[PDB]
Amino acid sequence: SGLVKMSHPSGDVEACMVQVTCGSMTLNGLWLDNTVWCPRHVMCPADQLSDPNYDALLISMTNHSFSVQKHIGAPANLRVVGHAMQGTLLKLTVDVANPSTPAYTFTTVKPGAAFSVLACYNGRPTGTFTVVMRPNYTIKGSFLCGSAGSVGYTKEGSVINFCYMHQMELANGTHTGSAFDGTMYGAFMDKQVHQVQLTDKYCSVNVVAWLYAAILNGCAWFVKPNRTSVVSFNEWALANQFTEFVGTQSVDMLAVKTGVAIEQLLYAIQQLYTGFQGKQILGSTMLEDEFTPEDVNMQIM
């Protein structure tokens, strides 16, 4: 009954991690059914990562180019019987179906949404943590060299939604990766040139959730009777580095649980961005946008 960074139990997804090796290069892959997903830059030699030619590289491969070992749990015999390139991912086909494939889906996450990351090295889970997809389509993770192919996901019921496969580091503590459709979040290129990122923003709905959590724990000094409408807050947001606020039923439950209307918190957010004055809020003298409405509902029940 505090507000902490919380991840899904990782057991489910650990049972799907494998190591993919191609020549002298190695990284992680995700083994679902008869498929192993991994980043395509496993085909690329270190010196050529500046300007790879993936179309060339793909051609020069046979199935015997790809080596897949399973280290965690039950071992280890995966023969690659096919290989395809899908955007910034490779799609390897293997002769054995993962007996431990969860019920799963492949939905792309949106800015502000949270997901769990299983950080792996050489096909071995080493740690798990949770992030939110930034409005500029980066995440703030904890990745060293060799973590490519680490998997990000969410869990509703026993259905895993795989939403992220790690690719690269754009700057200090700034990362991105692929959705399992093969597209890179934020359209960054999987080559090692410096690329510019768009400006970041506060996730408005996540700040509202956080303010609700502060109220639910007795910190409500910022609540006034004043209101800003959603439509009016969103005009303001455009020019002050906040995202468009979009209401959800998860926000609505917090409004009911506390007696404070969304529009009062939208007004407070406008004030708090001018300054906290004193003044702390679970505090912190700055806005928190890394907890979702769902986060706050499940941890402060």
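Residues carry their position along the shown sequence, with the first being 1.
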Open item on the list: Please check residue 11 against the other PDB entries of this protein that were compared: is it missing in at least a third of those that model both its neighbours?
Closed with: yes
- [ ] Mind pulling up the entry and telling me whether 259-267 or 37-45 has the higher mean Cα temperature factor?
- [x] 37-45
TODO: Averaging only over Cα atoms, indicate whether 107-115 or 193-201 has the higher B-factor in the PDB entry.
DONE: 193-201
Open item on the list: Quiz for you: based on the deposited Cα B-factor, which of 218, 102, 146, 75 is highest?
Closed with: 75
Task: Most elevated Cα B-factor in the entry, residues 28, 250, 69, 243 - done: 69
Open item on the list: When the deposited Cα B-factors of this chain's modelled residues are ordered and cut into thirds, is residue 19 in the lowest, the middle or the highest one?
Closed with: middle
Open item on the list: What third of the chain does residue 131 rank in for C-alpha temperature factor, lowest, middle or highest?
Closed with: lowest
Open item on the list: Among the modelled residues of this chain, does the Cα B factor of residue 80 put it in the lowest, middle or highest third?
Closed with: highest
Task: Modelled-residue ranking by C-alpha temperature factor, third containing residue 298 - done: highest
- [ ] Can you work out whether the C-alpha temperature factor of residue 122 puts it in the lowest, middle or highest third of the chain?
- [x] middle
